[PDB]
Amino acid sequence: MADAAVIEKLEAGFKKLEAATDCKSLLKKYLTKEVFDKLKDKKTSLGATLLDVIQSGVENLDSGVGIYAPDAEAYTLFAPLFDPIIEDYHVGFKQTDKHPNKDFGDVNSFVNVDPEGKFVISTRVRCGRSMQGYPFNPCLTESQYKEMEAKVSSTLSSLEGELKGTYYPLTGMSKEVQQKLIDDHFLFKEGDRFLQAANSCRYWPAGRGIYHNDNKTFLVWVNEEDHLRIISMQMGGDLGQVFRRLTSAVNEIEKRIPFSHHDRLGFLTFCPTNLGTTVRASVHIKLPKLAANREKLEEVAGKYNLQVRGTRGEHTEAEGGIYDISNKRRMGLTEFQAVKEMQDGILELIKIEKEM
């Protein structure tokens, strides 16, 4: 499997992880010497090694998780490492558990979490999808990036109603518009250090782009972290409308683009945090009393299985006291359950804010 160069780097990375006293990644926690010795010589059919799985967490010691799947096979070949990390992250998703069958459920039941708008600025739900027949970022070729982009853009051009829109490739995109789309919370960052270290930004920006409707309430990211991110968002608190629109989009898109699903893992994605439902439902929310210390808010949010991010996304700070709060877990519960877990948590945090 792994050649001499890769093995040398692996031994060094394992030592670096062990030596990192301030590291608390799931990677460091679960890559025991035993698991390491068991996996270090392995290599997938596409040639992905344990290095291709763990390098981002070796380079970024402050990672929360620290691993990615370079191909679909990696989830299985390196299951002794993925499985306990997946169980830890998704709370209660055990080594022999299977993620439930897709179910958006009772979309109608979701509420406006803040009609007046004293707390919630905007509401967003995204899913991730991988295209059948293509591996994840570290194993994609330039030809594949462009080929996937051509499929996606030509496909989405047939979408109608609220889903009708336009594909905007990053290649040739106005620099001014690109930064404004990022600042306005619509377009992905041009990578980050976690993705860079995973060899996840190769050939940038070939094959990368964003589809969106004119009012930017429905968007599709092409070839960022995942092949597709399918996104519904709007100002205000109407989680019901947001999720209704996302569900319609997902249903229409899969009629046109075959997606990778796994009997145990659900829908496949590049990071193990995004498997299963792949759902991240979030609000941009102001909670001035509760969020005086980010730590106290994080404690309280954690009790409801919520995750706190900054205004520009993960690894950013809250600007003007606007926090991104979302369901943390995505596996071992249905799409409906994931959004309901977010909704129930947000309502609880608003009650807490009001009462303290």
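Numbers follow the displayed sequence, beginning with 1.
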Comparing mean C-alpha B factor in the record for 270 to 278 and 198 to 206, the higher one is 198 to 206
What stretch has the higher average Cα B-factor here, 287 to 295 or 42 to 50? 287 to 295
Name the residue from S122, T166, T155, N215 with the greatest C-alpha temperature factor listed in the entry. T155
Whose C-alpha has the highest temperature factor in the PDB entry: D184, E116, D83, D263? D263
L31 - Cα temperature factor, lowest/middle/highest third of chain: middle
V300's Cα B-factor: lowest, middle or highest third of the chain? highest
Chain-wide C-alpha B factor ranking for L306, given as lowest, middle or highest third: middle
Chain thirds of CA B-factor: placement of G313: middle
Split the chain's modelled residues into thirds by Cα B-factor; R245 lands in the middle
